[PDB]
Each structure stands twice: as C-alpha cells, then as structure tokens.
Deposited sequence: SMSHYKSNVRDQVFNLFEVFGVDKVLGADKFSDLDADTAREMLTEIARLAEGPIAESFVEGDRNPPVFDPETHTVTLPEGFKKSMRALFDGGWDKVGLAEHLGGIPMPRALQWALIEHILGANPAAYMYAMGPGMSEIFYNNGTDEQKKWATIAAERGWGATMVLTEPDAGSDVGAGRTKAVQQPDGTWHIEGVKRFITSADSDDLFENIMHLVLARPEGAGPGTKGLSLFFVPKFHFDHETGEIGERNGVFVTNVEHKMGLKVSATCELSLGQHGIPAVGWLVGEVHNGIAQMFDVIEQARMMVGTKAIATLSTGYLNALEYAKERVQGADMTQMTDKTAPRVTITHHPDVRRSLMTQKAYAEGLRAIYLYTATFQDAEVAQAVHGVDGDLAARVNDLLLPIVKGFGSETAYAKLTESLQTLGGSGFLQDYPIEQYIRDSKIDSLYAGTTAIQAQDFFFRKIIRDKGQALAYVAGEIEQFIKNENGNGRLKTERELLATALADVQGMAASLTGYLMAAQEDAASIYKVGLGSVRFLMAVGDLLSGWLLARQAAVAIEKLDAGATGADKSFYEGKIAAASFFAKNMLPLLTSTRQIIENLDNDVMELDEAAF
C-alpha cells in the first residue's frame, strides 16, 4: 500500500488496556463518546492516513513548494493539496476542538492518538491544519469581541501561524525587536521581519490566515516580559460576518530550502515593510505576550515529539516488513557450511537486535506521549491516576520536554537502525526511510532546541516546581518496582531509578553551589541534556515493564492468535530494554557526578 504503516492495535492497547482511558468515555465531558466509537475513529483516521494523506508524502518532497515573488505567495504541489482536502472534507482539522467551535469532545490522549496517524503519513498536513486549534487558543485568550472573530476563524477553517522567531532571536525569544505601535483607534501597526515561520503562506488551501505575532509595544521593557501577542490576519475581514476584505500588510518574502519536511512552507515573514501597515489586535487587550504564546508553544512541543515518535513507528514497521522477506546469508549456527540453506535476515542476531531496539523505543515512546496526554485533562487524570488538577498540570508540564526533547532525539537516532535493516536499499529514495530521517531531523530544532528542552525540564519543571511533579512520577515507578516473571526487570528499573535520582541530586548540588561559586552553574548546563535523556530512558523502561505486566495477565487469561503474539512482544521488549538500555544510565550518573569546568575554561581558540 502506502509508505505509512500504522499501529492502531498498540494505541488501543495503551489507551484501554494500560491507562484505562475508556473509564472516562461516556461520562461528563465525554458523555457522547463511547469506547467503540473512539476505536472506530482511530481506525478511520488510520485508513485516511494510509490512503489519501500518505499518497502525497513523496510528491511533497520531490516537487516542493515554490515562492512567487510576483505575488508574495507560495504554491503547493497539487497532490498535497488533494491530501489536505481529504483531511478537511472529513472534519479532521476539528480533532479535539471545543464543542462550541464545532469539535467532538474527547480525551487529549485520544486526540493525540488520532493525530499520530497524520504525523506518520504526512506530518506537514497536520501543521497546515492547525488553524482551528490555534483559533481555539485565540478564543481562550481573547476578549468577548475577539472570541467572536475566533469563532468565525474556526468555522471557516482559516489557517494559522505562530510568529516568534527573528534572525537574531530564536532560542532567546526575548531579544525580538519587531515593534508594535498603537493607533488612535486601538489597533496596532506591527513592524518587523520574522524568520522560519511555518505555513506563513499556504497557496489557496484557505481563505485567510491568522498570524499570532509576538512584538514589543513602543516603550515596553526588555526581554520576553516586554512582549505582547497580536492577532494579525492575512486579510482584513468583517468582524461580524467574516467577509474577507482588503489585504493586510503581512507578506512572506522567501521560502527556505530545507533538508526535509519540504512541503511545509517555512517563510521569512515581513510585517509592515511593503507599503501597507500590518494591523494587529492586542490579544485579550492585555500585555501578556509570552505567557499567551506559551499556550501555543506547549501544543507545538507536544506535536513535535508525537511527530518524531509517529515517524519512528512507521520507520520500524517498514524495516520489519522488509526484513521478514529479505533472504540473505545462512543461519549463524551454520556459518562455516557454505552450502547451508539461505535464511531471511530476521534470523540474524544483529538484525533481531536492531529490530528489537527499534520496537522497544517506538513503543516506549508511544506509551510516553499517551501517558503524558493522560495528564492533559483534569477528568482523565483524576479517573485513571487519582491525581487532582494542580498536580496533573505540573506532571504534564514535567513530561512535555521529555516528549519533545527525548522523543525528537531518540526517533532520529533509532531511524538509523531502521535504514540499516534495509542494507544498501535503505539509502535509496525508493524506500521511505531516508525521507523519514530528513523529515525528522528538524524535530530537535523547531519548537525549542534539545538544549532548551533540557534547560526547561531542569530549571522550570523540576527546580521551580520544587520537585513535586518529579517526586510523583518517581513514586509511581517505585510502587511498580515494589509490586516473579518481572523480577529481573524490576531490579534493573530500581537501579535506573536510583541512577536518575543520583543525577538529579548532583545537578541540584551544582546549581545550589552557584550562589557562592557562579561558574558552578555551568556543570548543570553540561549535564542537562544527558539528564533529560536518562529520564526518558527510565520512563520508557518503566512503561514497557508496565505493558509487559499487563501482557502477562492477558496471556495467563488465555490470549491466543495475533493477540498472544502481540503480548509476547511486549514481554520481550520490556526485558530487552531493561537489560540493554537501562544499565548505561549507571555510567551516565557517574559521568555527571564527575563533571568539571575544564571545557568551560578552555580558550575558544583551542577548539
């Protein structure tokens, strides 16, 4: 069929058998959505993804968008716009939208499971379809008058952008210099150049685009605290009827040539530089821009991590299908007999090692983002964890940089194994793995680099949090550890939990010691990404072991056939991950415990 190989079975196993999300289906906010309907929804969008969405995956990469300087617009390849129309015609751009904007109320964990299929099949398609979701964010932060415009924007399916980055302001958002000048009538004129804006033009997919633009009001203070957020539409419109009016002064000037994700137009965006003003409306009519924009960034970060995990999953399943059919070499137990029967390559230990590595990380990462999503609804977190609203928000905030940072880094790294499994054929564009790699490289960069994820995780999600979310998660792991067929895995998990706790203590010591010895803080920076990755590995190992515990229960109860095979794979993956990935965390702890500032004191000229 298509390049995209989906895994609804594993999503349903997580949602229902592991986390118990079906417990809230049929109750309260989700009163009208039952478990059967949720499963039909996943199967339906999986088929959409495997069909018309994936159909244009190759085309978007081989025949990428073209910038037109004669009109300051972008043209998209026809096959990809056909895929977009399939997404829209099915109403999938209203996934998880609030009911009053036309959505179907559902748990976030189900919402992200639906979205995984789009991100695996053609992830730029989800990015162009995020308009109604961003209109909901504008609604939540807007005045009563602005909530009327957001409703129009959602109902009409306008596109949307998030507009922060400038040539000199990427990780350091607060350095932005785009300016906002209030006009007598209460609107603002926005002036500046922004860079790397995803979907800044989208051909004729939509009748309008809502740009949500960070800019600094004249006279405002420095840094991110001096930023405000502005609603800046591509076209002016009638605030009552929605009728599209005159062009607004916000124009793309270039489209970047990228390693991958080529069909996502990534644009320099000029505001008020082409002779008409870029009129913006202060969101909520309050000056609170970085806090408002982080509502969007949080979702972008969830999407980026889920995208990376979706891509690893279809990479693994492509590699697995290939390995099952590729005949090459003799069985290793017959390697000295040059007339021995040839075997398929799944018989080779290094290939089974590779495949189980891909499998355990893909499925561990899926469990992680679905686990994370179970904290994004108060009702779900109460129902399935017994955790109240405040703690749930802090745990979600803790896990987001794991989904994003650990997800992006891990998926790209393990796709290397997926390609390797194809041999020389993995290097061909004939197979989709090399495009998976190119498309996923950006996931460690956009929505905040890995280093920024790791700094967020430690300084904000742990230290500022006074460790409360982290202690909750460590307690659940400890509970699992304390509890026969999983005794070895629980012992390996106990070592890994202790290692992560040791890392956290060492970095906390380096931070606290910076009050008297300022350079001590550098050791936190030196260790931060490795710590983030260690926590990701610990969470993967724990959730895999929890899956294997469920699988043991189901096999004991008499699972047969394809179910039995699935459950056997969960036990194998949990055991392989505990025995081959978790122990490296001990060496990483000892490395972190011995970090020093030699590398910081070295003259720059010595590099």
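- Going by the record, the unmodelled stretches of the deposited sequence, in order, are 1, 485-488.
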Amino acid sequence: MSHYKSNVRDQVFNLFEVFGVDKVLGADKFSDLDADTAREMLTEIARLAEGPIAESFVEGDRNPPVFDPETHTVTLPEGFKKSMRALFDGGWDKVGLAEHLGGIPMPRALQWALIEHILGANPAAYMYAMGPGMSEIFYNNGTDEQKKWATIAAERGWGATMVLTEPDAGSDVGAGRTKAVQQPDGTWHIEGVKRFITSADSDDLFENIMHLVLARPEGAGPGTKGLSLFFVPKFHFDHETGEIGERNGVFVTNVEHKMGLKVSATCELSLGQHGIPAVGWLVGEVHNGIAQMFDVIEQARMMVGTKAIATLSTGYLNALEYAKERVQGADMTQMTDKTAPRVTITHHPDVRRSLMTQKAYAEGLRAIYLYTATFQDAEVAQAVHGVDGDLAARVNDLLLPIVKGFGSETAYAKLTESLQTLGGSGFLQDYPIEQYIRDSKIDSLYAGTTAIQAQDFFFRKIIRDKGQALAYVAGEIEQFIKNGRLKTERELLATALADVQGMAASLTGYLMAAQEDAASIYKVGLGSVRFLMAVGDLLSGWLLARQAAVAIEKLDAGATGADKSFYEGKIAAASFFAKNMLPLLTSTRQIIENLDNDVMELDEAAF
From here on, numbers count along this sequence of modelled residues.
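- Per the PDB record, of the two stretches 351-359 and 185-193, 185-193 carries the greater mean B-factor over its C-alpha atoms.
- For the pair 75-83 and 388-396, the mean Cα B-factor is higher in 388-396.
- Set against one another, the Cα B-factors of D439, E417, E268, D144 in the record reach their highest point at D144.
- The maximum CA B-factor among the listed residues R326, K225, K523, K234, taken from the PDB record, is found at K225.
- Annotation for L595: C-alpha temperature factor in the middle third relative to the rest of the modelled chain, per the entry.
- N580: CA B factor lies in the lowest third for its chain, per the PDB record.
- Per the PDB record, residue ranking by Cα B-factor puts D201 in the middle third of the chain.
- Among all modelled residues in its chain, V8 ranks in the lowest third by Cα B-factor.
- When the modelled residues of the chain are ordered by their C-alpha B factor, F566 lands in the middle third.
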